[PDB]
Engineer: 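What follows is a single structure, and I will ask about it in a moment.
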Protein chains: 2
Amino acid sequence: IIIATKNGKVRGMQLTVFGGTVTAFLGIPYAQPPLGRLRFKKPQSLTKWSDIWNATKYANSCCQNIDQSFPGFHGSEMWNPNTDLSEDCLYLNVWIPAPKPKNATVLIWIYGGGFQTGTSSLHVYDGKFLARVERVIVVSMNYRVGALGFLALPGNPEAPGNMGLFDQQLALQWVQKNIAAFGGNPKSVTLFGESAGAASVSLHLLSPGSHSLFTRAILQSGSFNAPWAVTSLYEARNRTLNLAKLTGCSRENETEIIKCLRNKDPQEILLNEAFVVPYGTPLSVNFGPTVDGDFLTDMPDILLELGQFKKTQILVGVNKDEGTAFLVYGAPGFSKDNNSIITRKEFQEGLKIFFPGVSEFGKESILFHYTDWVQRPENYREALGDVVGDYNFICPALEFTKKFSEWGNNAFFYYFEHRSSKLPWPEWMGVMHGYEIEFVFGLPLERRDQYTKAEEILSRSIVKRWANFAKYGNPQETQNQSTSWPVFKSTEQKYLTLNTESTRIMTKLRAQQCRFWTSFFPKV
Amino acid sequence: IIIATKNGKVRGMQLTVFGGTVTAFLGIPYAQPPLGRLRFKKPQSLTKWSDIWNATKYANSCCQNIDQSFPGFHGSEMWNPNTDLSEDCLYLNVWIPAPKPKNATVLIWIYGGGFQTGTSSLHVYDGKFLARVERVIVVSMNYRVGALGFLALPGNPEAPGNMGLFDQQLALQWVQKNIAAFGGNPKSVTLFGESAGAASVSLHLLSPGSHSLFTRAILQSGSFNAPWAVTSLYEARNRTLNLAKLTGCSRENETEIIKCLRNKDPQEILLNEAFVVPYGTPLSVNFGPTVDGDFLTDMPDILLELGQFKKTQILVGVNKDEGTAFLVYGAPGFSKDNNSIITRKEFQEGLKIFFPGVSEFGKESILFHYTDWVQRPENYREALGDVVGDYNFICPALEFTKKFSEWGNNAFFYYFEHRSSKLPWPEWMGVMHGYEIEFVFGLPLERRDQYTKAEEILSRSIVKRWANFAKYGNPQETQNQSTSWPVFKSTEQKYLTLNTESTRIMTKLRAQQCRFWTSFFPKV
Ligand SMILES: *[C@@H]1O[C@H](CO[C@H]2O[C@@H](C)[C@@H](O)[C@@H](O)[C@@H]2O)[C@@H](O[C@@H]2O[C@H](CO)[C@@H](O)[C@H](O)[C@H]2NC(C)=O)[C@H](O)[C@H]1NC(C)=O
Ligand SMILES: *[C@@H]1O[C@H](CO[C@H]2O[C@@H](C)[C@@H](O)[C@@H](O)[C@@H]2O)[C@@H](O[C@@H]2O[C@H](CO)[C@@H](O)[C@H](O)[C@H]2NC(C)=O)[C@H](O)[C@H]1NC(C)=O
Ligand SMILES: *[C@@H]1O[C@H](CO[C@H]2O[C@@H](C)[C@@H](O)[C@@H](O)[C@@H]2O)[C@@H](O[C@@H]2O[C@H](CO)[C@@H](O)[C@H](O)[C@H]2NC(C)=O)[C@H](O)[C@H]1NC(C)=O
Ligand SMILES: *[C@@H]1O[C@H](CO[C@H]2O[C@@H](C)[C@@H](O)[C@@H](O)[C@@H]2O)[C@@H](O[C@@H]2O[C@H](CO)[C@@H](O)[C@H](O)[C@H]2NC(C)=O)[C@H](O)[C@H]1NC(C)=O
Ligand SMILES: *[C@@H]1O[C@H](CO[C@H]2O[C@@H](C)[C@@H](O)[C@@H](O)[C@@H]2O)[C@@H](O)[C@H](O)[C@H]1NC(C)=O
Ligand SMILES: *[C@@H]1O[C@H](CO[C@H]2O[C@@H](C)[C@@H](O)[C@@H](O)[C@@H]2O)[C@@H](O)[C@H](O)[C@H]1NC(C)=O
Ligand SMILES: *[C@@H]1O[C@H](CO)[C@@H](O)[C@H](O)[C@H]1NC(C)=O
Ligand SMILES: *[C@@H]1O[C@H](CO)[C@@H](O)[C@H](O)[C@H]1NC(C)=O
Ligand SMILES: *[C@@H]1O[C@H](CO)[C@@H](O)[C@H](O)[C@H]1NC(C)=O
Ligand SMILES: *[C@@H]1O[C@H](CO)[C@@H](O)[C@H](O)[C@H]1NC(C)=O
Ligand SMILES: *[C@@H]1O[C@H](CO)[C@@H](O)[C@H](O)[C@H]1NC(C)=O
Ligand SMILES: *[C@@H]1O[C@H](CO)[C@@H](O)[C@H](O)[C@H]1NC(C)=O
Ligand SMILES: [Cl-]
Ligand SMILES: [Cl-]
Ligand SMILES: [Cl-]
Ligand SMILES: [Cl-]
């Protein structure tokens, strides 16, 4: 199977999925390799090839540091890259139903990883189930991460910032130009992403250059108003110069810092990213999106508040225990290998880990708000996870959703509360960050994979709802006497819970907690 | 002029006021003197006299401690009692227009003084101007204050608590039974009071026993939800027993503590009131209203929240600088005799004076909320006064008004912002607590008294508005092209400013401050 694209022919491969066939085109190039003088620059458009590009395997993942905290452990290792790392990493994947569809809706996946890590070739991002079961086309891209994707000296085209967001955008352009050849509808394109991938989706909603590149958006556990999502111009400058210092690249001329950094081995840039900040946290984003005057024209909070964004439907949600994953990456008393019963003093020390530049009063205020107990040994352990999840994911997603919906558009909010039967992490971590993704991609639809029957049913329902959102703007499951998913409006704030037992309509998720983070805490 | 009352004849006296005449009956008894075995008991009804009771001078003021902080100084001394102190103090005053009116509306004044001090014979409470100018009848009563008015051991008729509130109530009953003989309408009775007198008015709104004793209510700088206004049953017990200790009255039997206290000289009870608490403040109310199961059937906050109160119109207001008066009664760096520029550390020490049993985090939170400066030497001095005024008077009056109006009734709120040209206190204290009162009573209507012309005009307008509220439920001045006073509703929260220059309709008084006190601070 060979498809002709604007830049040349690509050969795919046939896959058997559930007694049917999917065609996969893995590793199509969508930009010039950003090597040499192109390092730190916006991606440059790719010129024609002749002969057939073989898109029959996943391409290189972008250069990135790896999580070495738990070698041999599937819970962490499943997120590490599974393809060689290389600066030559600007590739995308396409999965299409067979037979070729006529005008299929397109789902474009944007991975998370804190803007520092990630790749589209992870097993939990495999678009073949969606293509098979819902007859949508799935596209995913690799984009640059870390300093190589996000180093900024604002205004300077040698290192303007947001390069990895421009990579995403150019892959969106590729779909616009090329997807009809694969049987796709460029006028029916939904972005979906998790964590930094969801924050990215929310920035494409804000970016005038992305407005005509997609139709609708799905935000899983992330949005640009999250505290980790956008680097200030002040932080970015200091981090860029710190990185120059650490590599011997400190210079009088800023265009000469960049020239120097372009001579460094990728591996030397990677080694020094960790230290560009005095204190870090398990949620640090050393190199992330900045207000660059190009992708992002103003501080995104101002854009959101004043309604300057693409007017379309959004689907947004979070997991019940967003904060737990992070606690084993440095909070005292915590271990994935015991029940992590901590004391008051450990709790207090954990706040120092998660809120390093925060006044003592700021920290006491967190403790005040989260330790009014309803005695119980896991009180403090539970409070720290909620602190981290509410601050970093849940309250920001809910505020994004309120503010976005106030401008007239339909929004749907979910609260995912199912723990995978196969989860390798301990029970105390509950419904973790990242662990809805396999349900969205339909992994539990595979009977060989040993998920429960209740999990097959949940995943089939989520898959259908996501697909209906993409095709029709409305994440209903219309056939199986399912709970209707109400629109989220800033007054009632109705959301849908996703679980194997009973799906419920609820209101005002974490009302009391989010008043704290959203209205008090930003003042300290 | 001799009027026959249910309990006997009373002779009044004629007064010349503004080229006209008022009849004053000063010092009519309304209960049995609460002496001897009646000390600490509810007031007992008075039996008939023959011959003519001469109500031609003010009666004794109730026993109370005096403000000795500033001897010789009119600013403080004008609030001290101006009649002999005596346990024999249950008397009231009546001022009536001449000629005798036919069915005049009645204004009943309830003085403030923290429930510890006060008397109806103060010059600034002289009802003759109102009677003259508006042809209303004015009534005022003395009620017991301090431990003699409010000592409680709940349930025990020897000392049930709220005795001074029962004194007020019995004087309300006297007006019901007797005012028609003076030309008054018992079906048109408005209560008005300032500070503890306004808190009292707000408790009569809650008390089933007072419901048929009045029509409408005016609350000047006070309401029962103020932090100083209601003593917990826990505080009351401890204070009663502390007082017993300090007087040698500690006993096994509680009815024997009271018997013992009844043998003490009034003057010995007074000397020990100050110490019944370990820490006090300039706003301490050692002996005040309690939930006694009789006057007050439940915690008044519950009654207010759940709409269990007299359904009628209210007029409520506060002064611009409620908090300043108190700062010279113990805050470091403050003096009525210099400009009281204080430092951060003095500010912090002042919080300790005003918030003695409050956690360090509680205090830091106050400081956080009030020291975000918009440098300026008077920053800290101004912040402390606002802290004290917002917490103790303004935010509580506004919350009372919101909650009360949510039940359907018209409410009118004012913000009094005129500083008396004659004020003896320094300019930095601004528009002080207590200093609207002379405008309400029409003192500036007296040309001999050397107030400005702008002050005569302001007082004449307030007088008319207060009188119209009493007679008609609507505090308008209809004749002189005046600003219309809108109803206060919990959504718009419109209020009227009272000043000599420009009277304005404004909204959401101290919105940001009161969110702090009303919604955060009660948690610490
Ligand atoms: C901006 O960066 C400076 C630089 O300090 C850093 O030097 C880098 C090359 C890197 O190795 C990094 O780890 C190191 O901290 C920061 O100043 C430092 O601040 C810390 C803590 O306040 C102090 O211990 C150091 O004295 C100080 N270092 C120097 C050399 O000045 C600074 O914190 C940072 N500013 C922001 C916005 O975070
Ligand atoms: C849960 O484990 C933590 C984490 O650290 C430990 O991991 C264990 C599984 C074990 O292999 C141990 O050797 C390893 O150090 C425990 O916290 C540790 O416990 C003690 C006393 O508090 C200290 O020696 C360590 O500093 C501390 N580590 C950290 C990172 O804080 C924790 O006590 C344990 N909790 C249980 C069993 O409930
Ligand atoms: C209830 O009252 C007690 C009694 O203490 C008081 O004794 C009284 C007769 C009187 O002189 C008063 O000034 C004195 O404080 C309070 O206990 C006291 O608390 C303070 C400060 O915490 C301590 O310094 C004392 O040790 C302690 N005194 C005694 C003898 O126990 C107590 O504070 C109070 N409770 C409440 C609700 O405020
Ligand atoms: C305003 O006066 C205060 C109050 O105390 C003083 O009253 C003055 C009018 C004067 O007679 C003085 O003798 C009397 O003690 C001043 O605070 C005082 O100032 C000094 C230094 O801060 C200390 O000696 C006192 O402890 C302190 N008193 C109190 C109660 O805190 C204050 O400095 C003054 N401020 C000015 C002039 O701006
Ligand atoms: C494919 O359908 C096109 C329009 O369908 C889409 O309309 C969009 C506005 C959006 O709402 C999508 O979700 C809809 O599905 C049509 O214009 C094209 O011509 C079609 N192309 C084909 C059949 O080749
Ligand atoms: C005096 O007027 C009485 C009624 O007037 C009042 O009606 C109340 C319900 C209240 O709204 C007041 O503010 C009104 O002024 C009437 O019943 C009496 O009979 C009158 N008594 C006389 C003239 O002696
Ligand atoms: C692409 O794959 C085809 C079919 O397997 C092969 O014949 C061709 O040589 C390939 N091109 C390469 C490896 O460049
Ligand atoms: C910085 O150096 C570069 C060297 O390539 C040069 O192009 C540029 O003009 C210099 N900038 C300034 C303004 O000094
Ligand atoms: C609805 O349930 C049927 C079985 O009754 C199942 O076969 C089908 O896949 C379900 N559809 C969805 C979208 O959940
Ligand atoms: C009351 O006053 C009248 C008139 O001045 C007087 O004659 C009478 O004796 C008085 N009664 C007293 C003092 O008890
Ligand atoms: C307390 O003592 C008084 C003495 O007058 C007595 O009437 C009462 O019965 C005693 N109470 C109890 C229950 O001990
Ligand atoms: C209205 O103004 C007139 C003068 O024009 C004055 O005599 C009168 O007292 C005023 N009335 C009120 C109630 O303020
Ligand atoms: Cl600090
Ligand atoms: Cl369902
Ligand atoms: Cl403390
Ligand atoms: Cl006016």
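Residue numbering restarts at 1 for every chain, and letters A, B, ... go by the order of the sequence lines.
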Engineer: Would you check if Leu445(B) and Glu456(B) make a side-chain contact, meaning some heavy-atom pair closer than 4.5 Å?
Structural biologist: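 Yes, at least one pair of side-chain atoms sits under 4.5 Å.
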Engineer: Can you tell me how far apart OG1 (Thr215(B)) and CG (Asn185(B)) are? Round to the nearest 0.5 Å.
Structural biologist: 7.5 Å
Engineer: Centroid-to-centroid, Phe182(B) to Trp174(B), below 6.0 Å?
Structural biologist: yes
Engineer: To check you understand the geometry: which heavy-atom pair defines the closest contact between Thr23(B) and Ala98(B), and what is its length?
Structural biologist: OG1-CB, 4.1 Å
Engineer: Indicate whether any N or O donor in one side chain lies under 3.5 Å from an N or O acceptor in the other, for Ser195(B) and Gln220(B).
Structural biologist: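 Result is no, nothing qualifies.
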Engineer: Side chains of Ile28(B) and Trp53(B): closer than 4.5 Å at any heavy-atom pair?
Structural biologist: no
Engineer: Is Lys187(B) positioned over the aromatic face of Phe214(B), cation under 6.0 angstrom from the ring centre and no more than 45 degrees off axis?
Structural biologist: no
Engineer: For this output row, return yes or no: ring centroids of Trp485(B) and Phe469(B) closer than 6.0 angstrom.
Structural biologist: no
Engineer: Apply the test side chain to side chain contact (heavy atoms under 4.5 Å, CB included) to residues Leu213(B) and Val189(B): give CA-CA distance (whole Å), side-chain angles for both, the deciding distance (0.1 Å), then the verdict.
Structural biologist: CA-CA 8 Å; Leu213(B) 310 181; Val189(B) 174; over 6 Å; no
Engineer: Please give me the minimum heavy-atom distance between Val201(B) and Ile110(B), naming the atom from each residue.
Structural biologist: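 So the minimum-distance heavy-atom pair works out to CG2-CD1, 4.1 Å.
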Engineer: With a 4.5 Å heavy-atom cut-off, do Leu38(B) and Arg262(B) have their side chains touching?
Structural biologist: no
Engineer: Can you confirm whether the side chains of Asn82(B) and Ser121(B) place a donor and an acceptor under 3.5 Å from each other?
Structural biologist: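 Distance-only check passes for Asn82(B) and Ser121(B).
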Engineer: Mind telling me whether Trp228(B) and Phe115(B) have parallel, tilted or perpendicular rings, with 30° and 60° as the class edges?
Structural biologist: tilted
Engineer: Between the side chains of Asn286(B) and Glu273(B), does any donor sit under 3.5 Å from an acceptor?
Structural biologist: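 There is no such pair (donor and acceptor under 3.5 Å, judged by atom type) between the side chains of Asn286(B) and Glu273(B).
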Engineer: Run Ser221(B) and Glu194(B) through side chain to side chain donor-acceptor pair (under 3.5 Å) and show every step you take.
Structural biologist: CA-CA 6 Å; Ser221(B) 311; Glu194(B) 183 272 355; 4.5 Å; no
Engineer: Tell me if the aromatic rings of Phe309(B) and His211(B) count as close, with their centers under 6.0 Å from one another.
Structural biologist: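 So the answer is no for these two rings.
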Engineer: Under a 3.5 Å threshold, yes or no: a donor from one side chain and an acceptor from the other, between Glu455(B) and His418(B)?
Structural biologist: yes
Engineer: Which residue, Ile257(B), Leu151(B), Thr255(B), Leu261(B), forms the side-chain contact (heavy atoms from CB on, under 4.5 Å) with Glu158(B)?
Structural biologist: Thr255(B)
Engineer: If I take atom CD1 from residue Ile457(B) and atom OG1 from residue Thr452(B), how far apart are they, to the nearest 0.5 angstrom?
Structural biologist: 9.5 Å
Engineer: Which atom pair, heavy atoms only, marks the closest approach of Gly75(B) to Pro424(B)?
Structural biologist: CA-CG, 3.6 Å
Engineer: Tell me every residue that passes disulfide (SG to SG under 2.5 Å) with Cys63(B), counting only those two or more places apart in sequence or in another chain.
Structural biologist: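 Testing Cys63(B) for disulfide (SG to SG under 2.5 Å), a comparison that skips the adjacent residues, returns none.
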Engineer: Below 4.0 angstrom, N of the basic side chain to O of the carboxylate: do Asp167(B) and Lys42(B) qualify?
Structural biologist: no
Engineer: Taking all non-hydrogen atoms of both residues, which atom of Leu170(B) and which atom of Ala31(B) are closest, and how far apart?
Structural biologist: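 It is CD2-CB, 3.7 Å.
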Engineer: Less than 3.5 Å apart, any donor N or O on the side chain of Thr483(B) or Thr503(B) sitting next to an acceptor on the other?
Structural biologist: yes
Engineer: Would you say the side-chain atoms of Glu438(B) and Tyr451(B) include a donor-acceptor pair closer than 3.5 Å?
Structural biologist: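 A pair is found: one side chain offers a donor N or O, the other an acceptor, under 3.5 Å apart.
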Engineer: Minimum heavy-atom separation for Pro186(B) to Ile179(B), with atom names?
Structural biologist: N-CG2, 3.8 Å
Engineer: Please check if the number of heavy atoms outside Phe275(B) that lie under 6.0 Å from its CZ is greater than 12.
Structural biologist: no
Engineer: Mind listing the closest non-hydrogen atom pair of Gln116(B) and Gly288(B) along with its distance?
Structural biologist: OE1-N, 4.4 Å
Engineer: Run the numbers on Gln313(B) and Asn410(B) for side chain to side chain donor-acceptor pair (under 3.5 Å), then give the verdict.
Structural biologist: CA-CA 5 Å; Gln313(B) 307 71 42; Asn410(B) 284 348; over 6 Å; no
Engineer: Which pairs with one or both residues in residues 145-185 of chain B pass disulfide bond (SG atoms under 2.5 Å apart), sequence neighbours excluded?
Structural biologist: none
Engineer: I want to check something: taking the side chain as every heavy atom from C-beta on, are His433(B) and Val318(B) in contact at a cut-off of under 4.5 Å?
Structural biologist: no
Engineer: Do other residues, nucleotides or ligands put more than 12 heavy atoms under 6.0 Å from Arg447(B) CZ?
Structural biologist: yes
Engineer: Are side-chain N/O atoms of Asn80(B) and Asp67(B) paired as donor and acceptor at under 3.5 Å?
Structural biologist: no
Engineer: When the ring centroid of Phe416(B) is compared with that of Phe439(B), is the distance short of 6.0 Å?
Structural biologist: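 Aromatic pair counts; centres sit under 6.0 Å.
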Engineer: Run the ring-centre check on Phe129(B) versus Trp95(B) and record whether the distance is less than 6.0 Å.
Structural biologist: no
Engineer: Examine the side chains of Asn474(B) and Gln476(B) and answer whether a donor and an acceptor come within less than 3.5 Å of each other.
Structural biologist: yes
Engineer: When rounded to the nearest 0.5 angstrom, what distance separates CZ in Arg11(B) from CG in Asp51(B)?
Structural biologist: 10.0 Å
Engineer: Return the set of residues passing side chain to side chain donor-acceptor pair (under 3.5 Å) with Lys336(B) (not counting sequence neighbours), or none when no residue passes.
Structural biologist: none
Engineer: So, taking the atom named CG in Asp84(B) and the one named SG in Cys89(B), what distance separates them when rounded to the nearest 0.5 Å?
Structural biologist: 12.0 Å
Engineer: State which residue, out of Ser140(B), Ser61(B), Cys62(B), fulfils the side-chain contact (heavy atoms from CB on, under 4.5 Å) condition with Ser120(B).
Structural biologist: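 For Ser120(B), the side-chain contact (heavy atoms from CB on, under 4.5 Å) test succeeds with only one of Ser140(B), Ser61(B), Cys62(B), which is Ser140(B).
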Engineer: Would a line drawn from the ring center of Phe295(B) to the ring center of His204(B) be shorter than 6.0 Å?
Structural biologist: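 Ring-ring flag for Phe295(B)/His204(B): true, centres closer than 6.0 Å.
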Engineer: With no hydrogens and no angle check, just 3.5 Å: does a side-chain donor-acceptor pair link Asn225(B) and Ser223(B)?
Structural biologist: yes
Engineer: Under the salt bridge (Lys or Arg N to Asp or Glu O under 4.0 Å) rule, what pairs show up with a residue in residues 314-324 of chain B, not counting sequence neighbours?
Structural biologist: none
Engineer: Relative to each other, are the rings of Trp425(B) and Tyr329(B) parallel, tilted or perpendicular (30° and 60° limits)?
Structural biologist: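 If you compare the ring of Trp425(B) with that of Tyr329(B), the planes turn out tilted.
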Engineer: Looking at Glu256(B) and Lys259(B), is any side-chain nitrogen of the basic one under 4.0 Å from a carboxylate oxygen of the acidic one?
Structural biologist: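 Salt bridge absent between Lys259(B) and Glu256(B).
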Engineer: Mind checking ring pair (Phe, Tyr, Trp, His ring centres under 6.0 Å) for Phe192(B) and listing every partner two or more places apart, or none if nothing turns up?
Structural biologist: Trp109(B), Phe441(B)
Engineer: My understanding is that only residues two or more places apart in sequence, or in another chain, count here; which of them pass ring pair (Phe, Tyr, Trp, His ring centres under 6.0 Å) with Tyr111(B)?
Structural biologist: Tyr143(B)
Engineer: CD of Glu77(B) to CD of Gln68(B): how many Å apart, nearest 0.5 Å?
Structural biologist: 10.0 Å
Engineer: Side chains of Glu268(B) and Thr247(B): donor-acceptor distance under 3.5 Å anywhere?
Structural biologist: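 Result is no, nothing qualifies.
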Engineer: Hey, what do you get for CZ (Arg39(B)) to CZ (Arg144(B)), rounding to the nearest 0.5 Å?
Structural biologist: 10.5 Å
